[PDB]
Every structure is written in C-alpha cells, then in structure tokens.
C-alpha cells in the first residue's frame, strides 16, 4: 500500500529516499544521492531529472513527498536549489506521481515527534523507524525523513 519517494534537492547533491508503507509502519526500499557538482549547469539539471525518473521506474513509487523551502542562505543558493527542485518535481510528475509538500517542521514532527528536532535526532529516528544499521548520508537521510513524513496520512 503506497510506495513513497522523498526528495531533498540541492545545488550540488539531491538526496532521494523510497519507503513502502506497511501495516506495521514503513520499510526501506532505496535511498542515495544524485551528485551534480561538475559540468555545465544544464547537464547537472538533466542528470537530476533523469535520475529521479529512473528511481521512480525502478521502484514504482506513486507519491512524491517534498519539503517546503523556507529560508535559503542567499539568493544564489535559492536559485541553484530551485533549479534542482524544479527538475526533480517535473520528473516525478511526468511519471504521474502525486505531490505533497511539507514544511521542515512537519517533517521533524512526524519523524522525531517535535518540530524543533536537530539533525542527529532526525537521522537516528530515520534509522530506528526503518531498522537501518548503516548511517545513511545526510542527504539520503533527509530524503527518507521527508518520505516518512508523507506515510500514513
């Protein structure tokens, strides 16, 4: 019942996490990082688009969960972040996924239990809820957190 893709866009790294809702909770399906540090800006964007599509086609999530951007650090970061976010969103929508947006506070409330949880609490609760031994990279962990936020709504 519902496989969910969470995306954590970034200027240089876009994290992704796929989880499967179970009656018991959520099972880990996949996670990782799409790295876009090198090359022409347009090649970086198209890798994000193509990689998100291929994650979707491989694992069959029907729901995209993303995090509302609140405060970017500056206008340059916001622009690069936005370009990667847009490229990831239209890739999800080309595959026909629904799209839900949650603030950072909603994500932390659903995963940790309080909107002011720090990064360590989030990463630990992501590994607790998904029964992971291996500490995932922070972008993949955030993306998993965002996916879990959408689960069982």
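Residue numbers count along the first chain shown, from 1.
On average, which has the higher Cα B-factor in the deposited entry, 125 to 133 or 10 to 18?
Taking the mean C-alpha B-factor of 125 to 133 and of 10 to 18, the larger value falls to 125 to 133.
Do the CA atoms of 31 to 39 or those of 92 to 100 have the higher mean B-factor in the entry?
On average, C-alpha B-factors are higher across 31 to 39.
Selection from 63, 55, 66, 26 [criterion: highest C-alpha temperature factor in the record]:
That would be 26, according to the entry.
Is the Cα B-factor recorded for residue 51 in the lowest, middle or highest third of its chain?
It belongs to the lowest third of the chain when residues are ordered by C-alpha B-factor.
Among the modelled residues of its chain, does the C-alpha B-factor of residue 85 lie in the lowest, middle or highest third?
CA B-factor rank for residue 85: lowest third.
What third of the chain, by the recorded C-alpha B-factor, contains residue 140?
Middle third of the chain for residue 140's C-alpha B-factor.
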